[PDB]
Ligand SMILES: *[C@@H]1O[C@H](CO)[C@@H](O[C@@H]2O[C@H](CO)[C@@H](O)[C@H](O)[C@H]2NC(C)=O)[C@H](O)[C@H]1NC(C)=O
Ligand SMILES: *[C@@H]1O[C@H](CO)[C@@H](O[C@@H]2O[C@H](CO)[C@@H](O)[C@H](O)[C@H]2NC(C)=O)[C@H](O)[C@H]1NC(C)=O
Ligand SMILES: *[C@@H]1O[C@H](CO)[C@@H](O)[C@H](O)[C@H]1NC(C)=O
Ligand SMILES: *[C@@H]1O[C@H](CO)[C@@H](O)[C@H](O)[C@H]1NC(C)=O
Ligand SMILES: *[C@@H]1O[C@H](CO)[C@@H](O)[C@H](O)[C@H]1NC(C)=O
Ligand SMILES: *[C@@H]1O[C@H](CO)[C@@H](O)[C@H](O)[C@H]1NC(C)=O
Ligand SMILES: *[C@@H]1O[C@H](CO)[C@@H](O)[C@H](O)[C@H]1NC(C)=O
Ligand SMILES: *[C@@H]1O[C@H](CO)[C@@H](O)[C@H](O)[C@H]1NC(C)=O
Ligand SMILES: *[C@@H]1O[C@H](CO)[C@@H](O)[C@H](O)[C@H]1NC(C)=O
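Protein chains in written order, with the UniProt record's numbering: chain A, 745 to 827, 856 to 892; chain B, 745 to 793; chain C, 943 to 1041; chain D, 992 to 1041; chain E, 14 to 69, 77 to 145, 153 to 176, 185 to 247, 257 to 298; chain F, 299 to 620, 641 to 675, 691 to 694; chain G, 398 to 446.
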């Protein structure tokens, strides 16, 4: 909050603009990375209510209805096992939406194989 | 070995720690690179005589 | 140690933030690291010099932090591109690429 | 005078560490490519052209 | 009034292990659930601490250096130890510090005391004997406070003199160990900060005689010297230091 | 946004434009309770004062000296301070205070000053030229004068040389004004140097007894312990104020704290060594110091070809400290929230996106 | 800017000086550009009385 410091800081030019621009580029780059990795399907596929897959069990990777977060047991375990002018911007995609994208990908690859990745 | 220089250098804080940590990260990264490239088999095979 | 890669990224980011905050406590050759103390204890002709020393030290620290942030951003971008490639080729199809 | 020498040498060391980090990133990319070639060309037959 | 004590028994002073004692709070800042690294005048872990006895006929009042700071431990029962003397020449030429704890209150005085060769207090079997100084001409600081105080009581004190401030740190511990220092950790709370502003290079322990000649009550004290070093202190959820690491003791702690 | 991007046309999207900080409103200066006052009752209100040859020197240490009580009194005729002003005495701090007390005549009050000449200055009480302190004098005809004559106050009338500063001469040796030896007997050319003051209640104001107390303030390399009373502003909570607690200053919002401090601890620090908890010195309560709500100001707009309507996002700032909608990303002003879900057009954050159809979020 | 001062006060006609005529008679800014000229005038600006 020092006015004199800011007045002296103005002598150095647009360093602050450069640093803010670089940080903004990194911040948008993280969201672009998340879009590139997870948002590869434009249809939200869902599994059938009856889990008859010929003996194959997918309970550990499909979302759990009992959990409020709508995550899989593996995803829940993964989330449990990971623990002055500075601000932290929230990610554009929240954890539940990323989990929803993974659920859509799992439903597509279980019910349709590789067909959904190449078309209908 | 100048003690006065080190005393003045301590005023600048943990720059030296950051530089050492970066170099240590590069040094372990080189070993990790060699491990990834060459150590792709866990059995040492030999040709027949 | 199964989830070391993500914990490593979280630790690196937190450590960088902690170092950047900690660098404010250094005076960088000035009499004090507190701007209020310099402004209240000295006349503006010498306070300008002390504030200038603090400004150049903090600016060097911030530029250094931004530089490693950009390098880590490049590394994470490469990892994310690899992850997107694995998502496209391993999940959405069957890959003949070995390993 | 010692402060001037310290800031000059510190700037030189920061420049060296920064360029070393950039070269380390380049070498890491090359090593990742080499590991990919080791997995796909040596440990199997690759259908990827060139 | 001064009295020579001529019934002492000649014996060399003993030595023992400091273990993990002598840690004090370095500042007045609350910290919770954190690990803080501080560089200050501390007592090294597992150091060689000098051991003095008071038993009957032992009466250990030697002349000891102060150096950068002094850690004073007391395995005490029945209240023999009463105070300390600080100074450079311990006479009227220079200015000296007096700390006493009589039957009522704790008195701190900074005066040019003409000290006796054997300063002491006395208990008759009530306190009716006080022979510490013969005169007090120039007094600059006075401070009257509350009483600070098998061996049953453990008294830890840390005396430091930096920038004209005399920092006294204290901790009182109930113990039941017969002869030596118990092995454990207890962080010393800061007791008082005094703006005495005097040069201190030598210190004296003040004891109390028991009269029924004289008899010395059973007591033992330990003197250790502080060195500038770094400690890693652990602060719990309640802000109390529960463990410490000497940064220069061994490679594991380093 | 046009000024920031240096263009008259702004494309559709979100642009970081400014920084929002809360301005401090009040100043809170809390120092410890004004207890343990210096014993000024035993100097000023003493039943008897000393003679000027044997002036009492009481040394005052380790307490709080409240000078406004003395300054605002109407009982003092002279309150002349040399080297320091009375207004800042109640703020400044000194290592020791020397209180010299004596009785002189009415006409001799002027001689208690640096650079003066007279019987009192040369032979009784000498002040240095580089003196820092205050000279306080008041009439004491009521107490120090009796109908028979009060001769309980002696002064030194003759000495061979002038006194040094802050010197006391209590010698009763016969002054030798002549070449002949006195031999200890008061005869011719040999006089006793101590002479009594005649104090009657019917005397003039230049001959009436005046009690003089001189306070000497010195600064030595030792830490200064005789400080003035530190005026404490009332505590204001839940607002972004400038706090000064026991010399630790800053700006923050002071709220109630559940942290139980130990009795010797005053301030609180986090991992990053920033002060986030403090103990109020006046009342022993714990206060959390939350930093004032600062954030980025971003302008959400479509293209200027389409519309000129804009919305503002205050990042990481709750809506109550600034079409109002609260998001996890921050407070959004100017965009109406709808319950329908569409594809993301302008990214806001935390799953929230904005579009133009008015601007909806 | 023309004036007459003492002999010891010529050091106070400068940027960044602490002094008496600097504060209450004539103040120079910190970013002052120009020249200060001083010369003795005891023969002209002084009288025996
Ligand atoms: C699929 O796998 C899940 C989990 O491995 C099975 O759920 C278990 O069912 C048994 C018996 O009903 C319980 O004792 C376990 O505690 C269950 N595990 C969990 C994690 O809940 C499930 O039965 C399997 N089969 C089907 C058809 O879903
Ligand atoms: C107690 O013993 C000490 C040490 O023997 C005495 O101190 C000495 O006093 C004599 C006086 O004749 C001095 O000449 C010595 O120089 C002193 N010794 C030192 C080391 O200073 C002390 O006087 C004795 N106490 C009494 C009351 O006699
Ligand atoms: C302590 O010091 C004494 C002599 O100074 C020595 O004999 C003894 O062995 C030392 N003890 C330790 C544990 O170092
Ligand atoms: C303890 O010392 C103080 C100060 O010298 C004195 O006022 C008090 O009476 C003493 N008490 C006893 C029991 O001697
Ligand atoms: C100390 O005391 C002596 C005699 O008691 C006196 O002459 C001397 O001036 C005093 N010094 C100080 C600093 O008070
Ligand atoms: C303190 O006393 C010692 C021994 O008398 C002396 O060497 C040292 O210079 C003194 N220090 C000060 C600051 O007076
Ligand atoms: C901290 O204090 C709480 C009560 O306030 C107590 O329950 C807890 O056991 C304490 N923790 C430690 C480590 O002493
Ligand atoms: C001394 O007496 C006067 C007269 O009653 C009174 O006003 C004052 O408060 C007393 N105390 C001091 C410290 O002056
Ligand atoms: C400070 O004084 C006030 C009254 O002026 C009192 O209510 C409060 O308890 C005191 N605080 C302390 C810590 O003594």
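Where is the CB? At the ideal position from N, CA and C, for every residue including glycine.
- Shown in chain order are the members of the region 1016-1041 of chain C whose Cβ falls below 9 Å from a Cβ of chain D: 1016, 1017, 1020, 1024, 1038, 1039, 1040 and 1041.
- Straight-line measurement puts the Cα of residue 961 of chain C at about 20 Å from the Cα of residue 46 of chain E.
- In the three-state reduction of the DSSP assignment, residue 242 of chain E falls in the strand class, which pools E and B.
- Residue 1032 of chain C carries a helical assignment under DSSP once its states are collapsed to helix, strand and coil.
- Remark: the shortest separation between the CB of residue 816 of chain A and any heavy atom of ligand 1 does not fall under 7 Å.
- For residue 544 of chain F, the CB stays at least 7 Å from every heavy atom of ligand 9.
- The nearest non-hydrogen atom of ligand 4 is less than 7 Å from the C-beta of residue 154 of chain E.
- For the pair residue 202 of chain E and residue 157 of chain E, the Cα-to-Cα distance works out to about 26 Å.
- Taking 8 Å as the threshold, the shortest C-beta distance from residue 787 of chain B to chain D does not fall below it.
- The DSSP assignment places 538-543 and 546-554 as complete runs of the beta strand (DSSP E) inside the region 522-555 of chain F, in order along the chain (cut-off: 3 residues).
- Taking 8 Å as the cut-off, the beta carbon of residue 752 of chain A is found closer than this to the beta carbon of residue 997 of chain C.
- Taken atom to atom, the span from the alpha-carbon of residue 450 of chain F to that of residue 507 of chain F is near 11 Å.
- Here residue 405 of chain G is exposed: its Cβ has fewer than 16 other Cβ atoms, across all protein chains shown, within 10 Å.
- In the three-state reduction of the DSSP assignment, residue 952 of chain C falls in the helix class, which pools H, G and I.
- Here the alpha carbons of residue 595 of chain F and residue 811 of chain A stand approximately 37 Å from one another.
- A Cβ-Cβ distance of about 13 Å is found for the pair residue 375 of chain F and residue 440 of chain F, leaving them out of contact under the 8 Å criterion.
- Pairing residue 21 of chain E with residue 77 of chain E gives a Cβ-Cβ distance under 8 Å.
- Short note on residue 234 of chain E: C-beta closer than 7 Å to some heavy atom of ligand 6.
- Rounded to the nearest whole angstrom, the C-alpha separation of residue 319 of chain F and residue 1014 of chain C is 30 Å.
- Contact between residue 191 of chain E and residue 93 of chain E holds: their C-beta atoms lie close to 6 Å from each other, under 8 Å.
- Interface annotation for the region 980-995 of chain C against chain G: 985, 986, 987 and 990, criterion Cβ-Cβ distance under 8 Å.
- For residue 498 of chain F against residue 488 of chain F, the beta-carbon gap comes to about 30 Å, at or over 8 Å, which does not count as contact.
- For the region 413-457 of chain F, the full-length beta strand (DSSP E) segments reaching 3 residues or more read 431-437 and 452-454 along the chain.
- Counting every other CB atom within 10 Å of its CB across the protein chains shown gives residue 952 of chain C a total below 16, marking it as exposed.
- Residue 764 of chain A carries a helical assignment under DSSP once its states are collapsed to helix, strand and coil.
- Taken in chain order, the members of the region 770-782 of chain B whose beta-carbon sits within less than 9 Å of a beta-carbon on chain D are 770, 773, 774, 776, 777, 778, 780, 781 and 782.
- Here DSSP, grouped into helix, strand and coil, assigns residue 169 of chain E to strand.
- By the neighbour-count definition (other C-beta atoms within 10 Å, threshold 16), residue 529 of chain F is an exposed residue.
- Taking a beta-carbon distance threshold of 8 Å, residue 974 of chain C does not count as an interface residue toward chain F.
- Annotated as proximal: residue 422 of chain F and residue 453 of chain F, with beta-carbon spacing under 8 Å.
- Residues whose Cβ lies closer than 6 Å to any heavy atom of ligand 9, listed in chain order: F:331, F:580, F:581 and F:582.
- Nearest Cα to residue 655 of chain F within the set F:663, F:648 and F:692: F:692.
- Residue 235 of chain E sits close to residue 107 of chain E, with the two beta carbons spaced by under 8 Å.
- Neighbours of residue 1009 of chain D in chain C, taken as residues at a C-beta separation under 9 Å, are given in chain order as 1006, 1009, 1010 and 1013.
- The nearest non-hydrogen atom of ligand 6 is less than 7 Å from the C-beta of residue 108 of chain E.
- Counting other Cβ atoms within 10 Å of its Cβ, residue 517 of chain F stays below 16 and is therefore classed as exposed.
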